[PDB]
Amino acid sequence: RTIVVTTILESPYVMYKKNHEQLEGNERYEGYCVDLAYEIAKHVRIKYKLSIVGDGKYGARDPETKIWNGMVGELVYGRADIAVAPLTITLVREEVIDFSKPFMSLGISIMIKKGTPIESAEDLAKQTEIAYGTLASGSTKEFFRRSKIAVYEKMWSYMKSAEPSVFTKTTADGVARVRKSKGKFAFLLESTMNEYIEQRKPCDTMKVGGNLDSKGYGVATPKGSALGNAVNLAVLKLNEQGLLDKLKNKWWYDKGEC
């Protein structure tokens, strides 16, 4: 009777509490998505157990074995019932799983160390002094791999061959690299993560330029799940009653440090 909710350790969506060692189950974790999962489960009327995705990935299909990994894989293969995470709504995923209407809007964005002479993707593409990269897996990397726009094709060509590799395993690693590189590394990531980091000490990063696209995160379920409808209606209610905005303020801005 207990619904398995897959999620991913990513600040400020899901994080361990300070004393998690003496805590069990859902209590171990806190964050925006922990709060959102509680709200969904309240309104859908289900008991639930949070489960951190074993492989720490969002979800992509292996071109060789055709196997889905990450949170998407957990849903595809029936190991989880719902995903509550900053999981981007994309065509290739919508082909295999279902998504609620968006609970958060975002776009791909550029993170620089303050003072770096870059104001747009065009600025990055036309030079080589400042390296740039994305998460080693995820919808951002796929944006560049799949683009047919000249500027982004140029960026993908550079990123694919750059050494040392410009691809990072986690968002935190990419951020660390921006901070430690004296302005010679810029990180391509979602505007939501960018905005969060901008409000954290040492306050040495910034989001520059407009977003490169417009999309959203959705709460995901397996195709044909009997929970899809109620989850979607819950998300819409939470939006219209101002909860989603409240939670965004709680985890991004109310706690700000800059």
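Sequential numbering from 1, following the sequence displayed.
Look at the C-alpha B-factors of 79-87 and of 158-166. On average they run higher in 158-166.
Stretches 11-19 and 232-240 differ in mean CA B factor, with 11-19 having the higher one. Annotation for 180, 101, 114, 93: 180 ranks highest, by Cα B-factor. When the C-alpha B-factors of 216, 63, 59, 222 are ranked from the entry, the top spot goes to 63. Per the PDB record, residue ranking by Cα B-factor puts residue 139 in the middle third of the chain.
Among all modelled residues in this chain, the alpha-carbon of residue 258 has a temperature factor (C-alpha) in the highest third. For residue 110, the recorded CA B-factor ranks within the lowest third of the chain. Only modelled residues enter the ranking. Ranked by Cα temperature factor within the chain, residue 42 sits in the middle third according to the deposited record. In this PDB entry, the Cα temperature factor of residue 206 sits in the middle third of its chain's modelled residues.
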